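Shown next as structure tokens: one chain only, the form deposited in one PDB entry.
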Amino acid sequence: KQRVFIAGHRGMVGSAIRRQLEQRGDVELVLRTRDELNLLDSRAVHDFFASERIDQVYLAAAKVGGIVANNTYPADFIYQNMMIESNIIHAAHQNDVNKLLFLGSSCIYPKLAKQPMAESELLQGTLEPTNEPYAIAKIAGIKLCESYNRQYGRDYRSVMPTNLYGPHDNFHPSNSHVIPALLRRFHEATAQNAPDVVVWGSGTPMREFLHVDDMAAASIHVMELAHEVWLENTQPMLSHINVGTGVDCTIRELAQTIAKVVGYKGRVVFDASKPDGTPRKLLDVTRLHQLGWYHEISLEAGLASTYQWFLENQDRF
């Protein structure tokens, strides 16, 4: 019986992975809360790996946030993510944990990358200023994995998800991510019977979204693949795997779909006097598809279930 440690099991991705592994008896979960185990503490992390008998590690713990948070606390974002990555990855190796899955982010890609973005786009150009500190920490996480694989013959894999959404997301008013921000605004506009909802921009830019449960499924899939199969579809120094739908849709289509899901009858208005971001941004998921994994949750379906979750948990935001 495989003993699995999911670091950061209370976060959005961590909890999604936990939900799916809990639904099988060939796995026994070892979980620690931030209060029980301080991930920034090297000694604490090493002590934990020495005391427990871990077979696999899902490194889902991270200091994440929106546009405001990343620009307001840059030092906390780079430092904490670097320490969490280093502590877990090194302690794991020191205690013979051969399997590990590192969950990265989509922010690691160059601001002006070629679309769709293949894995080889990594480090090909300058990063988005807003995400620079966080992105550098994530890239260092991937390179730590590759370096331990090369030097010690470890099996430390990594996956880079596109924009995620789903239950346990940050629905607070402070969150800048488009899906939870719009679900919240359309909900209140519907409740207050507001004539319209104005969204900044033209609505033309294209984005890719993946439900967190599909993310968890792909993660576990990649983690459980045969080592020879994984090696065959990656390179030692270009080992990460993009996880997404490969399907893009305009912000206009997204907003309009959220309005429908929530039952909003007012008007959705795009203020084109405000600037748009990059025109298009999506991942090339060829590598993932060749590994035999395809997403199941469609946008409309994922937004409907996510909204349902928000309804039963709104007294938390």
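We number the residues from 1 along the sequence you see.
Just so you know, the form deposited with a small molecule bound exists too; it's not on screen, but the next bit is about it.
Exercise for the section: Answer yes if any heavy atom of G302 is within 4.5 Å of a heavy atom of the small molecule in the bound PDB entry; otherwise answer no. Expected result: So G302 does not count as contacting the small molecule.
Handout entry: the small molecule contact in the bound PDB entry: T162, any heavy atom under 4.5 Å
Key = The answer is yes: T162 has a heavy atom within 4.5 Å of the small molecule.
Handout entry: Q290: touches the small molecule in the bound PDB entry, heavy atom cutoff 4.5 angstroms
Key = It does not: once the small molecule is placed as it appears in the bound PDB entry, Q290 has no heavy atom within 4.5 Å of it.
Exercise for the section: Indicate whether the small molecule has at least one heavy atom within 4.5 Å of a heavy atom of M12 in the bound PDB entry. Expected result: Close contact exists here: in the bound PDB entry, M12 approaches the small molecule to within 4.5 Å, heavy atoms only.
Handout entry: Within 4.5 Å of the small molecule in the bound PDB entry, all of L254, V268 and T306 (non-hydrogen atom)
Key = No, the whole trio is out of contact, none within 4.5 Å by any heavy atom.
Practice task
Would you mind picking the one in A137, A218, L103, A92 that has a heavy atom within 4.5 Å of the small molecule in the bound PDB entry?
Solution key: Looking at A137, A218, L103, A92 one by one, just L103 meets the 4.5 Å heavy-atom criterion.
Exercise for the section: Counting non-hydrogen atoms within 4.5 angstroms of the small molecule in the bound PDB entry, say which of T250, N38, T286, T278 makes the cut. Expected result: If I apply the 4.5 Å criterion carefully, the residue I get is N38.
Exercise for the section: With the small molecule left out here, work out from 49 to 57, 62 to 70, 260 to 268, 22 to 30 which stretch has heavy atoms within 4.5 Å of it in the bound PDB entry. Expected result: Looking at the partner contacts, the answer comes out as 62 to 70.
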